[PDB]
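Starting off, we have a lone chain in the form deposited in one PDB entry, written out as structure tokens.
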């Protein structure tokens, strides 16, 4: 096919956990879907203590933004590495086929840009991440990862082939950080990336994250940034982990339909309490809220959730159903 005969549509990305507007069921034939991302190296405070790291981001956030296309669209990414950055970067899409997912074709030094195109031949949610040869885990675990959703052209289906339509979608990126520590246990600090590299490697080799966070920091998805829904709304939560296993759980709810390893040609698992998303994968869970109130959304290694940071909240509006749950006798002497 002459790709130049296809429609082009430019997407304007949004910061996680929000997701750019899209159609679940494709309203057009295949398209070339145009995205641009600008790499930003920046300092980020990641915990309540004020611990500050040198993050490596796509488009200024950890995680990078969720990209959404349909199966057999073409993804055309302009990747910009401004001269205000100091490292070489690239991008690997797990959705793509060939050239290490794109990494072999997208190496950009500061002051360079590149444009990659690939055909999104398989439906699912997929990780994307930076992957410069010899320095891969350092870039990934500095926050340089996100996800892409490739919807089936006729949207999502349940285990019986009937439609599933979400009302809202959120993208939760989970990030394991490995902040080097001195022998006494305090975080070290470093003056340039090259002076940091050996201690970064040492810290990674412990296989013990110092922080595990959603949307780039402890508490990022709480308070005025809690996720929201109403009773009766259908919500899809896309969750990715580019480097390490996680086990998401909606405290007070379920995954009514879960693609734990993220690939929509497979039937979803029903009624999950918790599911395993392997490191290097994106998963997706569909839930219809039935009760109002505060929910916690966590990695259900509860240490990882409540001591290391892998916990967010939903605030859900609506009516309470006492048939589904009630306090018969409130706590009393």
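Numbering follows the first chain given and starts at 1. Shifts are known only where both forms have a C-alpha. The term rigid core refers to the most C-alpha atoms you can superpose between the two forms while keeping them within 1.5 Å.
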item: Greater mean Cα temperature factor according to the PDB record, 182-190 or 92-100; value: 182-190
item: Stretch exceeding the other in mean C-alpha B-factor - 124-132, 216-224; value: 216-224
item: Residue with highest C-alpha B-factor in the PDB entry, from 196, 75, 236, 251; value: 196
item: Residue selected from 139, 117, 202, 244 by maximal Cα B factor; value: 202
item: Cα B factor band for residue 277 (lowest, middle or highest third within the chain); value: lowest
item: Chain third (lowest, middle, highest) by recorded CA B-factor, residue given as residue 159; value: highest
item: Cα B factor band for residue 63 (lowest, middle or highest third within the chain); value: lowest
item: Ranked C-alpha temperature factor of residue 230 among modelled chain residues, by third; value: highest
item: Chain thirds of CA B-factor: placement of residue 53; value: highest
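Heads up, the form deposited in another entry isn't pictured, but that's what we're talking about next.
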query: Listed options 189, 202, 78, 225; Cα moving by 2 angstroms or more between this form and the one not shown (core superposition); finding: 189
query: Rigid-core superposition between this form and the one not shown, with residue runs of at least 3 whose C-alphas all shift by 2 Å or more; finding: 182-185, 189-195
